[PDB]
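J.: Mind having a look at this structure? Questions to follow.
Here, each number is a calculation from the coordinates, and none is a lab measurement. Please note: Cβ atoms are built from the backbone with ideal geometry, for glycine as well, and neighbour counts cover all protein chains shown.
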Protein chains: 4
Amino acid sequence: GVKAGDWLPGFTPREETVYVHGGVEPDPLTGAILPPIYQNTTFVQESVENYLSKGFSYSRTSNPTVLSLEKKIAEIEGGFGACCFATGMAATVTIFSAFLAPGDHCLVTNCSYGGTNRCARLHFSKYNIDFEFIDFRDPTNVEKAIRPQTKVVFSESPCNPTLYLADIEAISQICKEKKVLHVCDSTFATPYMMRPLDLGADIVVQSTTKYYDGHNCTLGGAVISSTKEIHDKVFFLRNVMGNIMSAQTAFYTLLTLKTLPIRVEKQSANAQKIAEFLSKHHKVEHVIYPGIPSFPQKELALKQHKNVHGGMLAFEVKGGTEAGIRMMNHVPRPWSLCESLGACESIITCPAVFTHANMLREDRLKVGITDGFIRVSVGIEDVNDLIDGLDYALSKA
Amino acid sequence: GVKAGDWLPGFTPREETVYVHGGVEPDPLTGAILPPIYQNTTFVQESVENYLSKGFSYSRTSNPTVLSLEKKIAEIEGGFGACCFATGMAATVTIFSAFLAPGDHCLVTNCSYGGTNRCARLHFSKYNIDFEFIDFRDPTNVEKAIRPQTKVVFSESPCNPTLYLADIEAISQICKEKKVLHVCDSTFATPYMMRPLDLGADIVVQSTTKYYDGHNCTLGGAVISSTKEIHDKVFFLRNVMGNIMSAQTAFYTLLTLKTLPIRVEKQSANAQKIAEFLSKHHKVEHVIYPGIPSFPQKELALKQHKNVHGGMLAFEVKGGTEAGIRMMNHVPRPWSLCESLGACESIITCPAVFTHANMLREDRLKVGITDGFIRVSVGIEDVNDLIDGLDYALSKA
Amino acid sequence: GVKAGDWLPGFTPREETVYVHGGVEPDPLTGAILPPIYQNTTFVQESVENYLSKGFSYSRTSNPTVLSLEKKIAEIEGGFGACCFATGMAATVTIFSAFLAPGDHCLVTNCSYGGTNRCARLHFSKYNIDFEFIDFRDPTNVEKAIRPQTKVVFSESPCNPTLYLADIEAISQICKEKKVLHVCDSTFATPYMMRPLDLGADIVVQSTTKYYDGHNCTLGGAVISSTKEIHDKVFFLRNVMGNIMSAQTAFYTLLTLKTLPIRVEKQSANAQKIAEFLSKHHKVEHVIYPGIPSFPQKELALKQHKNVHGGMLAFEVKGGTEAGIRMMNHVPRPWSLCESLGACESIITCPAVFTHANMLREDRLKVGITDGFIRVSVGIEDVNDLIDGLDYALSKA
Amino acid sequence: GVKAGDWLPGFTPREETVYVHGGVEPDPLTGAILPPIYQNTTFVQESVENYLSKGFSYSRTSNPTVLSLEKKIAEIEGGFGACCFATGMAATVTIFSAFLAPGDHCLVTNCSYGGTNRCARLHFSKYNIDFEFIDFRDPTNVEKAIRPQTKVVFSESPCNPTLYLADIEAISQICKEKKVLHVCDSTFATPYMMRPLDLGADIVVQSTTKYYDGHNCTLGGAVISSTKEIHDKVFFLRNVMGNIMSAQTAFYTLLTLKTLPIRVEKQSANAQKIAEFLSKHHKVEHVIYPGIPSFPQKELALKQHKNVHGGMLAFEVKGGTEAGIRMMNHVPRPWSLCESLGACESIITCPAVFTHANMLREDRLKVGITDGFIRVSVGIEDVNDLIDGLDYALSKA
Ligand SMILES: *Cc1c(COP(=O)(O)O)cnc(C)c1O
Ligand SMILES: *Cc1c(COP(=O)(O)O)cnc(C)c1O
Ligand SMILES: *Cc1c(COP(=O)(O)O)cnc(C)c1O
Ligand SMILES: *Cc1c(COP(=O)(O)O)cnc(C)c1O
């Protein structure tokens, strides 16, 4: 006896259906196909007794539009619950705030996002928290590096900007047996390519700014928790630290998430062809893309990546920094010379003076951010226009 | 001598690149990759002499965000210029307002969009303007129906909701020879499948609400003009009618247009599979989709449609109206029972009681909207969820 | 037995309370103190039978956020119902579209808003509608000018930009006995100063752009109807012409209307002091403000204006157009040299080359838009900064 | 030699002018009177050399709309610079994060905002930071409580919800002599009533949610710094914490700040009248408002408060908790029973079960939140509707 507005009972909706409809039904009051934007601070209570009977009191704590996005994200990432934040850094900082105390040790990937690296080194370390930056490419490095004071292992795959991979399943099995919390930043992957919670991760952190949005429109962060206990701690501390996502940002992201599968398919198809083109180019030294046959962690990429190998690639121009700068300054439209990634608009970044400018050169070269190192975020433009643009820039390099 | 931020001189961006970047450059003041939202009524003038030296005065006349979208839409549709409106109906009535006067004749497709039919019959006819509703499937019907008083031939392809095609190139040749304005409503097609301006149409009307948006988010209309003289007349009357698009709507549509190609490709692939499924179902009498062999105008569809056959399909359920209603009442999620189309969310409607209810039964049967006729807007959900839903709904009909 | 969330029975809330709370209760679903933004095209229906059971189908026809604003505006203006439009011109054009047909005569104030004047002359007159521009300052002029074909009398008070007044009560009594529709554009007045529906007007038209908004934020129009019959005709034709206000604009205006009383009180207090200052200035020829004792229609102003005499004033600089241009070019911040009015930001406009540039000089001088004629919209800045700015500009004139 | 669009050199705009125009000029590109909304994550760079030549790179670090609001807030509060945050709690925790380390001591008012109390006690205390809660009504309590480890003295005036005053000038003198940072939360005051930076405070924290917004529309926080050195530390850590305000929130707050003076004047006039009414009501035990003679700190209120005594008042209903609850349950419209304050909409709350429920009864009585204690946020409705509502509610207590 299923009528209009009901799902078929005992059917799990397929992946793409969840991206379109996840966590959202038509507005009960009006039938509005999209959830209305609760651009609203406070919620009126029926009485003192029925406090929070309608589930809302204050937008810093929870907001109906934000909760809709959180339900969708929790379904897509395969988690118990999600908390949405003003930014990805807010999401990351909340993890470090909640699960680390003075005396605690934290293993972080040495090729973590520059922001995650700095907020560990230049802030949370002042609370006598020891962050140790190690190579996550070999899971035994993680297992051997775990101390009695280790509370959190913070993986990132692919890594910003070197695109190093971490065996999330193998690291998760090590963290389970050692009773350590495994947090994974899968911003570069998206849940369409890799869901760390499916591979035994305790917590996933997303910069929704990048691919979730994918339109260079909004800042956003998400923490997706494997358990209620972890979710409740994140939720409690988000309310205290006042870094929740806004209703308007949640509305934008609810809209953009709908097309993430078709966007990432197109970006990844463009990225494959661009990586192949760059790998044949006589003025390109190295190309890094998980999808080209020369990728050093090809076997882990093939085990861990579903559907695609992503929109992110990196390469090095022959002739060091000078050639890198010449190319960068001569990369024409439709390319954009700027920070960020994961957008419909193709972006070319130089991580040395943009994103990892606060890292010492000796340290930048140690991790793999080399002299002429270019990070590329592939958009959904015609791939021939993108290759034309790179070919011109490389000719001028 | 071309640096970053410049297009290569003498090169034209390819189709998908125009959807991403068309009519938009980074903000000259800040470098903002997206153009800022000019949520702003009035513009300060440097002096009385330098009035409109910066190109803006009042947002009813023109707004920078709206102009950015208009430049993109003009590039995508292949027109001299575009004017953006609050709705597709606003765009349509501005055409009727500008180009028709008492004693003038207007030929309109008899299977026009319901609202277009009504704004003609129930409003503009009171100004002694003669609207004649004819079958556009045979171009010689148009040639033979044109009078000395005929100012506008108003085609729609595919037609709402019967999906009849009009030979835009043949009708354009007739209209040029008789020196009549050929206006084409290509809302159902999108410029990704068919650009009427490329086929000799003088004006294109779009409901940007449908596919341009494709997220059920905003109302909008566009008029794309072949010439400066037509564009200037539409621009002038828009300022008078006060039916310009808002900056916020234009920003939304600037974002959603970027993914129109990948959305329409996905919707069209789903539609092909759904049309094939319905064509073999014993409770389905007829299926209308330009991409299946049973389509009456397959020759014109193959000549006129680029890339895809679109996200719109129709079918007739056996057992007439009662069966149609029983089916509609039992169409489960992820289907939405509502008006509108072209969205990521799959939509199903019975045009007899929703959109074409003001047309008496005798005439709605005469045009092609039969008793059990269903209009289907295919979204980007997993096609197996959409087919399973239609299959269950059909079991109750 | 009144609980929290209920009004006291048999109590009419006072004026300022209606500006804050009019047409809006907490969201039934969540208790959200502000109504959520229905940024949404279409509404899902329960079944074919319960079509429109939740009151919404398509946002071009009606939207929940727009309906909330319409309820507030109808209460504030003292009307049966209100329809909100994309712009004030859209509201005006819809009145002319609905209530005028070929052969019909329409009496308009010769000092009507430039846009209203042009849309009558340069558009609707092509439908063989006769617009006669007469002096509305004497109500007997209106009574004597009424022909057998007169369907609409279109008053404006105060007039843009000359601030001439029309006796709305006297014109209403003439229109009732002659069976003619009385439409009043009270944009310049606001319902806080003058409600034409209270003075027997059949229809009020508002540019909500000006004072309703009062922040230079949004474009908007409102038609407030005295009867259901008139409201239903406006509503029907708004849906056909697709010129409805957007949910986002309605949300902005719901927010800004809350402070209209305190804004207009402050603007009017500043305007009184500025008008007094200008009336004493040795380089100012004439000052027009309904609140200064020299105002030619002082007696009608005192009868017709409640609370205030408005934020709009006008003056003429001695030395003709050259002195007018010198002053205009030397008016410093916090003044803004631009079009529009009614905003928190003080605006100075020259109607000759800004707003009435399409009117012949001989015609501009005939109506009272003289050589050195300045229109002033007074904001809520410190009046001493505004006077300082004018005094400097006048010194340079 | 000053033309239109320029401030007169050597003149400072007066108070109300700064609220309207502060930190904002017409858009240099278009002349847009309001600054456009930079709904935009990343900013394109001209070259590698000219990195940040246009002042922006990534919206987590800085955004043009947010910077415009920060310049306005810095001017209004009389600070070197301001940083804007997602919430007031984000602003508060950024102060604690930046200026406290393990072994450091922090003096906080014992009648602080509930959330501020909890973020100290239940989070930052885990970093071995000693928070001591003392009575700020006597400045010698602060002087005697300061240790060699004291880095921050965190005052709040008026205090939430008891409306106790702190002598900001006296506490500032003590803090300067002991070289301790004086941070003042003046959310309840607004800069229209009290600017702590003028009284020697090193940092001001604002919940812009409350009075800056005043429309129950947006969440927001501001940190206004006395010096560049303090500002740079707050700016740096905001980028790390990822708790910056969104461009859309900043646009809303840029608009609402314009009317703060006229809003607060109206709210304060209503509050005075409500406080006087409650002070004579037989069912009211105590009334707390700085503007009535019974206010314990009337001497400090007259010295410290400019223009008004604010929109916040408190009272104790006779018959303890039961009576308080019966009253709250029967407070009619236009009152709203909810959390938050400072809005156009009058708000009433029992802080025992809403805001200060996590504080055990023994301590909440010790600080001043008595059994029948009611916090009242007075809006801009007609005062007779607000008094009639309180009168009815009191009849049921
Ligand atoms: C961008 C990014 C972040 C930080 O997210 P924001 O939204 O920029 O604060 C964290 N991790 C990775 C991998 C990122 O790319
Ligand atoms: C929807 C539609 C219109 C009208 O557009 P609105 O945005 O709804 O006003 C016109 N033509 C066609 C073919 C449509 O589908
Ligand atoms: C501005 C104005 C209008 C037109 O309204 P818009 O919102 O600008 O379309 C009409 N009448 C008067 C008196 C006006 O001032
Ligand atoms: C509300 C409030 C805060 C916290 O601000 P949010 O915007 O709610 O995070 C801090 N201090 C005071 C005095 C407040 O009233």
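J.: Can you put A:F85, C:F43, D:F124 in order of Cβ neighbours within 10 angstrom, beginning with the fewest?
T.: Arranged by neighbour count, lowest to highest, A:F85, C:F43, D:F124 become D:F124, C:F43, A:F85.
J.: Looking only at other chains, what is the average number of their beta-carbon atoms within 10 angstrom of each beta-carbon in B:206-215?
T.: Mean inter-chain Cβ contacts per residue within 10 Å come to 2.
J.: Taking each residue of A:125-134 in turn, how many C-beta atoms of other protein chains fall within 10 Å of its C-beta, and what is the average?
T.: 2
J.: Pairs C:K151/C:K233; D:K126/D:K151; D:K179/D:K233; C:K306/D:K210: which exceed 21 Å Cα-Cα?
T.: C:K306/D:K210, as the Cα separations exceed 21 Å there.
J.: OK, next. Less than 10 Å Cβ to Cβ from A:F354, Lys/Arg counted +1 and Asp/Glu -1: what total charge do the surrounding residues give?
T.: That works out to 0.
J.: Here's a follow-up. Taking the label point 7 Å from Cα in the Cβ direction, how far apart in nm is B:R361 from each other copy of itself, listed shortest first?
T.: 7.0, 7.2, 8.6
J.: Can you tell me which of C:250-261, B:244-255 comes out highest on packing, and rank the rest after it, using the mean Cβ neighbours within 10 Å?
T.: Highest-to-lowest ranking by the protection proxy: B:244-255, C:250-261.
J.: Can you pick out the pairs among A:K144/A:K176; B:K228/D:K3; A:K258/A:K298; D:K144/D:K366 whose Cα atoms lie more than 26 Å from each other?
T.: From the list (A:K144/A:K176; B:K228/D:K3; A:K258/A:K298; D:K144/D:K366), the Cα-Cα distance tops 26 Å for B:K228/D:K3; A:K258/A:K298.
J.: Quick one: what do you get for region B:90-170 if you divide its Cα Rg by 2.2 N^0.38 Å?
T.: 1.03
J.: Tell me the Kirkwood hydrodynamic radius of region C:268-340 in angstroms, computed as one over the mean inverse distance between distinct C-alpha pairs.
T.: For region C:268-340, inverting the mean 1/r across all distinct Cα pairs yields 13.5 Å.
J.: A further question follows. At 7 Å along Cα-to-Cβ for each site, give me the label-to-label distance between B:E177 and C:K280 in nm.
T.: Between B:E177 and C:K280, the simple spin-label model gives 8.0 nm.
J.: Rounded to whole Hz and in sequence order, give me ³J(HN,Hα) for region D:22-28 from the Karplus expression 6.51 cos²θ - 1.76 cosθ + 1.60, θ = phi - 60°, writing x for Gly and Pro.
T.: Values, residue by residue: x, x, 9, 10, x, 3, x Hz.
J.: Hey, another quick one. What nm value, rounded to one decimal, do you get for the distance between B:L360 and B:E299 when each label is placed 7 Å out toward the C-beta?
T.: Going from the B:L360 label point to the B:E299 one covers 3.6 nm.
J.: In whole Å, what are the Cα extents of the protein assembly as shown along the three principal axes, biggest one first?
T.: Largest to smallest, the principal-axis extents are 93, 81, 69 Å.
J.: Please report, in cubic angstrom per residue, the volume enclosed by the convex hull of the alpha-carbon atoms of chain D.
T.: Here the figure is 157 Å³ per residue.
J.: Residues of region A:358-397 with amide nitrogen under 12 Å from the 7 Å Cα-to-Cβ point of A:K318?
T.: So the set is A:395.
J.: Could you give the C-alpha radius of gyration of region A:174-279 expressed as a fraction of 2.2 N^0.38 Å, taking N as the number of residues it contains?
T.: Cα-based Rg divided by the globular estimate yields 1.25.
J.: Another question about this same structure. Amide H neighbours of B:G221 under 5 Å, counting only residues 5+ apart in sequence or on other chains, H built in-plane at 1.01 Å?
T.: It is B:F85, B:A86, B:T87, B:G88, B:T208, by chain and number.
J.: So for each of A:178-189, C:334-345 I average, over its residues, the number of other beta carbons within 10 Å; can you give me the resulting order with the highest mean first?
T.: Top of the packing list down: C:334-345, A:178-189.
J.: For region C:223-356, what relative contact order do you get, as a whole percent, if you take Cα pairs closer than 8 Å and at least 6 residues apart?
T.: It rounds to 17 percent for region C:223-356.
J.: If you bin every alpha carbon distance in region C:25-80 into 10 Å steps from zero, what whole percent lands in each bin?
T.: Cα pair-distance distribution for region C:25-80, in percent: 20, 43, 32, 4.
J.: Can I ask one more? Got the C:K303 label distances to the other copies yet, label 7 Å along Cα→Cβ, in nm, shortest first?
T.: Result, one decimal in nm: 5.9, 7.2, 9.3.
J.: In the P(r) worked out for region D:1-60, what percent of Cα pairs fall beyond 15 Å?
T.: Result for the distance tail: 68 percent.
J.: Which of the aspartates and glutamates could a cross-linker span from B:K273 if the Cα-Cα distance has to be under 19 Å and same-chain partners fewer than 8 positions apart are dropped?
T.: A:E15, A:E16, B:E265, B:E285, B:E316, B:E345, B:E381, B:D382, B:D385, B:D388, B:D391
J.: Hey, got the average number of other protein chain Cβ atoms within 10 angstrom for residues in A:3-15?
T.: Average per residue, whole number: 6.
J.: Also, quick follow-up: Would you mind listing the distances between the B:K179 label point and the same position in each other copy? Use 7 Å along Cα-to-C-beta, nm, one decimal, shortest first.
T.: 4.7, 9.1, 9.3
J.: Ratio of region B:103-224's C-alpha Rg to 2.2 N^0.38 Å, to two decimals?
T.: Dividing the Cα radius of gyration by 2.2 N^0.38 Å gives 1.02.
J.: Just to be sure I understand: of the beta bridges DSSP finds with both ends in chain D, what percent are antiparallel, rounded to 5?
T.: Approximately 55 percent, going by the DSSP bridge assignments.
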